[PDB]
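# Structural overview for review
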Amino acid sequence: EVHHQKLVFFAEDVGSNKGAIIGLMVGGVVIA
Amino acid sequence: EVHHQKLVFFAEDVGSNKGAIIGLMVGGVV
Amino acid sequence: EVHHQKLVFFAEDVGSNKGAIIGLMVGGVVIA
Amino acid sequence: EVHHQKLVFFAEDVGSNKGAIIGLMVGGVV
Amino acid sequence: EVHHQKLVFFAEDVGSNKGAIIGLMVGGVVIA
Amino acid sequence: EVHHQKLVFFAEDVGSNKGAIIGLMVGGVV
Amino acid sequence: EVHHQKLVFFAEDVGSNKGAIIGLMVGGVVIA
Amino acid sequence: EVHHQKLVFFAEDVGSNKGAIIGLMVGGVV
Amino acid sequence: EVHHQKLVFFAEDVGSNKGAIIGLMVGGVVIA
Amino acid sequence: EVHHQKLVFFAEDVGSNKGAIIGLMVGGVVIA
Amino acid sequence: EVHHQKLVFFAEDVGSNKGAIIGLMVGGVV
Amino acid sequence: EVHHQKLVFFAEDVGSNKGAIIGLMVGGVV
Amino acid sequence: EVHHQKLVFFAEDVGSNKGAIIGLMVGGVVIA
Amino acid sequence: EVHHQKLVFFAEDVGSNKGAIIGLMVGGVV
Amino acid sequence: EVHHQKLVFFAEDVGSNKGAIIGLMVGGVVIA
Amino acid sequence: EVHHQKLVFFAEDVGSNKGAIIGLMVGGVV
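Residues numbered from 1 in each chain as written, not as in the entry; some residues may be left out. Chains lettered and ligands numbered in written order. Heavy atoms only, no water.

Helix and strand counts for chain B stand at zero helices and two strands. Considered along the principal axes of its C-alpha atoms, chain B spans approximately 45 × 20 × 5 Å. Per-residue burial over chain B gives 53% buried out of 30 residues. (Helix = DSSP H or I, 4+ residues; strand = E, 2+ residues; numbered from the N terminus. Buried < 20%, exposed > 50% of the residue type's maximum accessible area, 1.4 Å probe, protein only.)

In this section: the relation of the copies chain F and chain P. Superposing chain F onto chain P takes a rotation of 180° plus a shift of 0.0 Å along the axis, which leaves an RMSD of 0.1 Å. When the rotation and shift are considered jointly, the pair of chain copies conforms to a two-fold rotation axis. Distance from the rotation axis, computed per C-alpha, reaches its smallest value in chain F at F:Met25: 3.5 Å. A shared interface surface links the copies, since 100% of the contact residues of chain F are contact residues in chain P too. (Least-squares fit on C-alpha atoms. Contact = heavy atoms within 4.5 Å.)

Taken in spatial order, the eight strands line up as β1(K)-β1(I)-β1(P)-β1(J)-β1(L)-β1(M)-β1(N)-β1(O) in an open sheet, and their pairing is parallel. Since the sheet does not close on itself, it has two edges, and those belong to β1 (4-11) of chain K together with β1 (4-12) of chain O, each with one partner. Pairs of neighbouring strands in the sheet enclose a mean axial angle of 0°, with direction left out of account. Summarising the sheet, strand β1 (residues 2-11) of chain I and strand β1 (residues 2-13) of chain P pair through 10 bridges and their orientation is parallel. Counterpart to I:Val2 in the pairing with β1(P) is P:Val2. (Pairing = 2+ DSSP bridges. Axes fitted to C-alpha atoms, helices over the stretch in contact; angles between N-to-C directions.)

We now examine the sheet that holds strand β1 (residues 2-13) of chain B. Pairing within the open sheet is parallel, and its eight strands lie in the order β1(A)-β1(B)-β1(C)-β1(D)-β1(E)-β1(F)-β1(G)-β1(H). Two strands close off the open sheet at either side, each with one partner strand: β1 (4-12) of chain A together with β1 (6-11) of chain H. Taken over all neighbouring pairs, the strand axes of this sheet differ in orientation by 0° on average, direction set aside. Pairing of strand β1 (residues 2-11) of chain G with β1(H) involves six bridges; the strand directions are parallel. Bridge assignment links G:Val8 to a residue of β1(H), and that residue is H:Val8.

We now examine the nonpolar core. Counting residues in hydrophobic clusters, the biggest one holds 30 residues, and the most contacted among them are M:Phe9 and M:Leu24. Setting aside anything within four residues of it in sequence, one finds M:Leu24 in contact with L:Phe9, L:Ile22, L:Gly23, L:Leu24, L:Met25, L:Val26, M:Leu7, M:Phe9 and N:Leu24. (Core = buried A, V, L, I, M, F, W, Y, C linked by side-chain atoms within 4.5 Å.)

Let's shift gears to the interface of chain F and chain P. Facing the nine residues of chain F at the interface are nine residues of chain P. At the boundary of chain F with chain P, total buried surface from both sides reaches about 570 Å², with 81% on carbon and sulfur atoms. Area buried by chain F at its contact with chain P is led by F:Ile21, F:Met25 and F:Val29, which between them contribute 64% of it. Across the contact surface, chain F and chain P share zero salt bridges. Taken together, chain F and chain P are joined by zero residue pairs in polar contact. Per-class residue counts for the side of chain F that touches chain P are six nonpolar, three polar and no charged. (Buried area = accessible area lost by both parts, 1.4 Å probe. Salt bridge = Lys/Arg side-chain N within 4 Å of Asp/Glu carboxyl O. Polar contact = N/O pair within 3.5 Å; in protein donor to acceptor, adjacent residues only side chain to side chain. Nonpolar A, V, L, I, M, F, W, Y, C, P; charged D, E, K, R; others polar.)

Let us now look at the packing of aromatic side chains. Scanning the model with the defined rule gives 28 aromatic pairs over all chains in all. With 4.8 Å between their ring centres and 5° between their planes, L:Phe10 and M:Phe10 make a pair best called stacked. Of this pair, L:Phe10 sits in strand β1 (residues 3-13) while M:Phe10 sits in strand β1 (residues 2-13), placing the two residues on different chains. Taking the relative accessible area as the measure of exposure, L:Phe10 reaches 23% and is therefore partly exposed. Taking the centre distance of 5.0 Å and the plane angle of 15° together, the rings of N:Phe9 and O:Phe9 count as stacked. With N:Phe9 in strand β1 (residues 2-13) and O:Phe9 in strand β1, this residue pair bridges two chains. An aromatic cluster is built from A:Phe9, B:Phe9, C:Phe9, D:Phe9, E:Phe9, F:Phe9, G:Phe9 and H:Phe9, whose rings are joined through pairwise contacts. (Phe/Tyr/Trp six-rings, centres within 6.5 Å; stacked < 30°, edge-to-face > 60°.)

This is the structure we're talking about:
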């Protein structure tokens, strides 16, 4: 089947927003 | 044959926003 | 066959907007 | 066989604007 | 087949506008 | 086979417009 | 086959006009 | 078909006049 | 602090002159 | 502190020149 | 100091003359 | 504290040239 | 503190050059 | 305090070169 | 100590060069 | 603090020059 990628991230604030470190490293290898 | 690549981030501030570290690294070889 | 890449980022600040560090690096390699 | 590339960013303010750091660097080598 | 790229950025300044940093660097190469 | 390239920015001001720093550098070589 | 490039920039100034930094440097070359 | 290149900038005028810094350096050669 | 950009392109034609496709689209903007 | 970028590409055509595809898309952004 | 921008193209001429395609669209504005 | 970025590619021919596909897309968001 | 990034690719063809598919995608994200 | 990022590829042809798939995806967040 | 990264790949031919699929996916995450 | 940006391409011809397809699109926004 064809590649289906879904990445959902939620980051809500209710007083003092800061922000954390979020790193998404996606790697794919294949022939042709 | 559809390649559905959906990347969504939901950020909502209520008091005072600062700044998050969002790093999206997508690498593909064919 | 049909590439559908969609990146949607929501940044709704109701208090004081600052500035987040977002880096979108997508790399594709394919033999023509 | 269409290449649908949609990049949408929603930046809303209701108090004070500053300056976010968003970098979109995509590389496609065919 | 056919490339359809759509970049949409929303900036709703309601308080006191300033200025954000947005870099759009799309690199595409193909052998003709 | 129309290469649809739409680049749209919506900057609104109802307080005190200033100056956003946006750089659009699309590079394509066939 | 045919390039349909459209750049639309909306800048409101209901509060007070100023001056945004908008750099439009798109480069497209094809072998002849 | 014909190359449909459209560059449009819409600036409002309600507050104190000033001037935006736009650099339209689009390069397209075959 | 000071931009020192230099583009040097060497193209020899000892066999037969033709026509290379060189696209120079550098964009540099700074907030004022 | 200070950026020093140097891109050097060597193309020594001795047989029969044609044309290669080389895309240099450097994207750099920074809050001032 | 002063902005040192240098653009030099050195094309030789030994065989049959023709003509290269150079698109110099450098955009720099503050 | 210098940021040294050196990118060098050596393409040598002694028979017949064609056309390689090299794409260098780097993104630095500070 | 001092970044030293060097990418050196060697491609010496003594027979018949064709065309390899090389994609260099480096992404860096850091809070200013 | 030096970040030595050295990436080297040695491709040598003797008869007839074709085209290898070289994909380097380096992503780092801090 | 400071990050020292060294990647060396050899690909030599002696008759009929082809080329294999080599994908290097490096990912690093850290705070500030 | 001089921003050294050196872009140099060495294209030689001793057989029969044609046309390389090179696209240099550097985007920098401060």
